[PDB]
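Pasting coords.pdb here (PDB, C-alpha atoms):
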ATOM      1  CA  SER A 347     -48.346  12.089 -18.397  1.00  0.00           C
ATOM      2  CA  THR A 348     -44.663  12.082 -17.437  1.00  0.00           C
ATOM      3  CA  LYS A 349     -45.470  12.621 -13.755  1.00  0.00           C
ATOM      4  CA  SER A 350     -47.934   9.734 -13.620  1.00  0.00           C
ATOM      5  CA  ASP A 351     -45.420   7.507 -15.457  1.00  0.00           C
ATOM      6  CA  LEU A 352     -42.712   7.951 -12.831  1.00  0.00           C
ATOM      7  CA  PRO A 353     -43.744   4.873 -10.768  1.00  0.00           C
ATOM      8  CA  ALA A 354     -44.029   2.987 -14.074  1.00  0.00           C
ATOM      9  CA  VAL A 355     -40.385   2.658 -15.141  1.00  0.00           C
ATOM     10  CA  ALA A 356     -39.178   2.899 -11.528  1.00  0.00           C
ATOM     11  CA  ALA A 357     -39.708  -0.816 -10.900  1.00  0.00           C
ATOM     12  CA  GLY A 358     -38.491  -0.875  -7.325  1.00  0.00           C
ATOM     13  CA  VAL A 359     -35.269   1.078  -7.959  1.00  0.00           C
ATOM     14  CA  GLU A 360     -36.880   4.197  -6.466  1.00  0.00           C
ATOM     15  CA  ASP A 361     -37.460   2.691  -3.000  1.00  0.00           C
ATOM     16  CA  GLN A 362     -34.318   0.743  -2.350  1.00  0.00           C
ATOM     17  CA  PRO A 363     -32.379   1.733   0.794  1.00  0.00           C
ATOM     18  CA  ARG A 364     -29.530   4.107   0.019  1.00  0.00           C
ATOM     19  CA  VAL A 365     -26.023   3.040   1.025  1.00  0.00           C
ATOM     20  CA  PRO A 366     -22.782   4.967   0.426  1.00  0.00           C
ATOM     21  CA  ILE A 367     -20.143   3.565  -1.917  1.00  0.00           C
ATOM     22  CA  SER A 368     -16.567   4.857  -2.039  1.00  0.00           C
ATOM     23  CA  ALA A 369     -15.894   6.280  -5.499  1.00  0.00           C
ATOM     24  CA  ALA A 370     -13.781   9.127  -6.851  1.00  0.00           C
ATOM     25  CA  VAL A 371     -16.141  11.908  -7.966  1.00  0.00           C
ATOM     26  CA  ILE A 372     -14.885  14.606 -10.330  1.00  0.00           C
ATOM     27  CA  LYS A 373     -16.808  17.580 -11.709  1.00  0.00           C
ATOM     28  CA  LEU A 374     -17.005  18.375 -15.426  1.00  0.00           C
ATOM     29  CA  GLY A 375     -18.940  21.546 -16.153  1.00  0.00           C
ATOM     30  CA  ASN A 376     -22.010  21.219 -13.957  1.00  0.00           C
ATOM     31  CA  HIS A 377     -22.282  17.430 -13.665  1.00  0.00           C
ATOM     32  CA  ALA A 378     -20.551  15.201 -11.176  1.00  0.00           C
ATOM     33  CA  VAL A 379     -18.930  12.228 -12.901  1.00  0.00           C
ATOM     34  CA  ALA A 380     -17.630   9.326 -10.821  1.00  0.00           C
ATOM     35  CA  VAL A 381     -14.375   7.835 -12.078  1.00  0.00           C
ATOM     36  CA  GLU A 382     -13.183   4.318 -11.240  1.00  0.00           C
ATOM     37  CA  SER A 383     -10.640   1.731 -12.364  1.00  0.00           C
ATOM     38  CA  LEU A 384     -11.577  -1.918 -12.053  1.00  0.00           C
ATOM     39  CA  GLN A 385      -8.187  -3.240 -13.157  1.00  0.00           C
ATOM     40  CA  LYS A 386      -7.367  -4.717  -9.736  1.00  0.00           C
ATOM     41  CA  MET A 387     -10.307  -7.017 -10.424  1.00  0.00           C
ATOM     42  CA  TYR A 388      -8.489  -8.312 -13.498  1.00  0.00           C
ATOM     43  CA  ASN A 389      -4.932  -8.468 -12.208  1.00  0.00           C
ATOM     44  CA  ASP A 390      -5.942 -10.819  -9.401  1.00  0.00           C
ATOM     45  CA  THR A 391      -7.481 -13.116 -12.023  1.00  0.00           C
ATOM     46  CA  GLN A 392      -4.569 -12.610 -14.479  1.00  0.00           C
ATOM     47  CA  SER A 393      -7.187 -11.827 -17.106  1.00  0.00           C
ATOM     48  CA  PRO A 394      -6.446  -9.267 -19.835  1.00  0.00           C
ATOM     49  CA  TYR A 395      -8.116  -5.934 -19.015  1.00  0.00           C
TER      50      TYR A 395
ATOM     51  CA  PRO B 100      -9.749 -16.227  -8.251  1.00  0.00           C
ATOM     52  CA  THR B 101     -10.393 -16.232 -11.974  1.00  0.00           C
ATOM     53  CA  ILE B 102     -13.058 -14.687 -14.170  1.00  0.00           C
ATOM     54  CA  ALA B 103     -15.734 -17.099 -15.277  1.00  0.00           C
ATOM     55  CA  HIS B 104     -15.609 -16.970 -19.074  1.00  0.00           C
ATOM     56  CA  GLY B 105     -18.823 -16.081 -20.821  1.00  0.00           C
ATOM     57  CA  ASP B 106     -17.962 -17.648 -24.142  1.00  0.00           C
ATOM     58  CA  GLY B 107     -17.246 -21.286 -24.840  1.00  0.00           C
ATOM     59  CA  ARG B 108     -13.573 -20.773 -25.616  1.00  0.00           C
ATOM     60  CA  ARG B 109     -12.285 -22.930 -22.753  1.00  0.00           C
ATOM     61  CA  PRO B 110     -13.846 -23.988 -19.444  1.00  0.00           C
ATOM     62  CA  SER B 111     -13.118 -21.415 -16.742  1.00  0.00           C
ATOM     63  CA  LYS B 112     -11.591 -23.868 -14.291  1.00  0.00           C
ATOM     64  CA  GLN B 113     -10.748 -23.160 -10.678  1.00  0.00           C
ATOM     65  CA  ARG B 114      -7.196 -22.127  -9.818  1.00  0.00           C
ATOM     66  CA  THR B 115      -5.162 -22.853  -6.697  1.00  0.00           C
ATOM     67  CA  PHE B 116      -1.371 -22.709  -6.538  1.00  0.00           C
ATOM     68  CA  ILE B 117       0.663 -24.909  -4.210  1.00  0.00           C
ATOM     69  CA  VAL B 118       3.770 -22.784  -3.749  1.00  0.00           C
ATOM     70  CA  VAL B 119       6.662 -23.770  -1.489  1.00  0.00           C
ATOM     71  CA  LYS B 120       8.757 -20.964  -0.033  1.00  0.00           C
ATOM     72  CA  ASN B 121      12.231 -21.777   1.264  1.00  0.00           C
ATOM     73  CA  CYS B 122      13.424 -19.782   4.266  1.00  0.00           C
ATOM     74  CA  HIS B 123      16.722 -17.949   4.651  1.00  0.00           C
ATOM     75  CA  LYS B 124      18.561 -19.185   7.733  1.00  0.00           C
ATOM     76  CA  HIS B 125      21.355 -16.721   8.503  1.00  0.00           C
ATOM     77  CA  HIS B 126      24.233 -16.986  10.965  1.00  0.00           C
ATOM     78  CA  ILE B 127      25.802 -13.895  12.530  1.00  0.00           C
ATOM     79  CA  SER B 128      28.952 -14.165  14.639  1.00  0.00           C
ATOM     80  CA  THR B 129      31.337 -11.584  16.096  1.00  0.00           C
ATOM     81  CA  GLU B 130      34.135 -12.023  18.600  1.00  0.00           C
ATOM     82  CA  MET B 131      35.062 -10.279  21.837  1.00  0.00           C
ATOM     83  CA  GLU B 132      38.659 -10.909  22.912  1.00  0.00           C
ATOM     84  CA  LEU B 133      38.797 -10.579  26.703  1.00  0.00           C
ATOM     85  CA  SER B 134      42.082 -10.873  28.578  1.00  0.00           C
ATOM     86  CA  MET B 135      42.558 -13.584  31.200  1.00  0.00           C
ATOM     87  CA  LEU B 136      44.315 -11.303  33.652  1.00  0.00           C
ATOM     88  CA  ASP B 137      40.936  -9.612  34.089  1.00  0.00           C
ATOM     89  CA  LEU B 138      39.402 -13.077  34.569  1.00  0.00           C
ATOM     90  CA  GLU B 139      41.857 -13.752  37.380  1.00  0.00           C
ATOM     91  CA  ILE B 140      40.587 -10.776  39.363  1.00  0.00           C
ATOM     92  CA  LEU B 141      37.049 -11.712  38.348  1.00  0.00           C
ATOM     93  CA  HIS B 142      37.502 -15.012  40.187  1.00  0.00           C
ATOM     94  CA  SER B 143      39.360 -13.497  43.152  1.00  0.00           C
ATOM     95  CA  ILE B 144      37.413 -11.795  45.927  1.00  0.00           C
ATOM     96  CA  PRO B 145      38.586  -8.239  46.749  1.00  0.00           C
ATOM     97  CA  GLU B 146      39.078  -6.856  50.246  1.00  0.00           C
ATOM     98  CA  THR B 147      41.202  -3.695  49.828  1.00  0.00           C
ATOM     99  CA  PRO B 148      40.045  -0.557  47.976  1.00  0.00           C
TER     100      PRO B 148
END
Any chance you could put this one into structure tokens?
Amino acid sequence: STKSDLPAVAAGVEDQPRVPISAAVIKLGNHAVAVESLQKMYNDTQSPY
Amino acid sequence: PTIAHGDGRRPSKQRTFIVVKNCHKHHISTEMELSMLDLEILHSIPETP
């Protein structure tokens, strides 16, 4: 069933230790969507975003 | 840093810059005219009020 298949596709990602990560979280409707800009990654490298 | 290219366009070489920065050595100079007839009583010892 779907319940018995939950440890099937969860290949270790379900039991990793949970750490916080700073990210800007907005709310659209009922979901939370996290917004981020990784352009400072590219401007250090002088690579076109 | 630079991004390691994924395609074989060009080899993603390392980058280090040797930049030389020349300093700004500034000279500031005022004047303070001080009259010698005050210097004469500077050198003299006083005894009367």
*Got a sec to pull out which chain A residues are within 9 Å of chain B, counting all atoms listed in the file, and send them as a PyMOL selection string?*
chain A and resi 387-388+390-393
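Going from atom CA of residue B:105 over to atom CA of residue A:358, you cover 28.3 Å.
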Using 6 Å of padding on each side, determine the axis-aligned box around all atoms of stretch 350-367 of chain A present in the file and give its centre and edge lengths in Å to one decimal, as AutoDock Vina command-line options.
--center_x -34.0 --center_y 4.4 --center_z -7.2 --size_x 39.8 --size_y 22.6 --size_z 28.5
_Protein and nucleic acid residues near (-11.1, 1.1, -7.7) (cut-off 12 Å, only C-alpha atoms) as a ChimeraX atom specification_ = /A:367-371,380-388
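For the pair atom CA of residue A:377 and atom CA of residue A:347, the separation is 27.0 Å.
What separates atom CA of residue B:131 from atom CA of residue B:145 is a distance of 25.2 Å.
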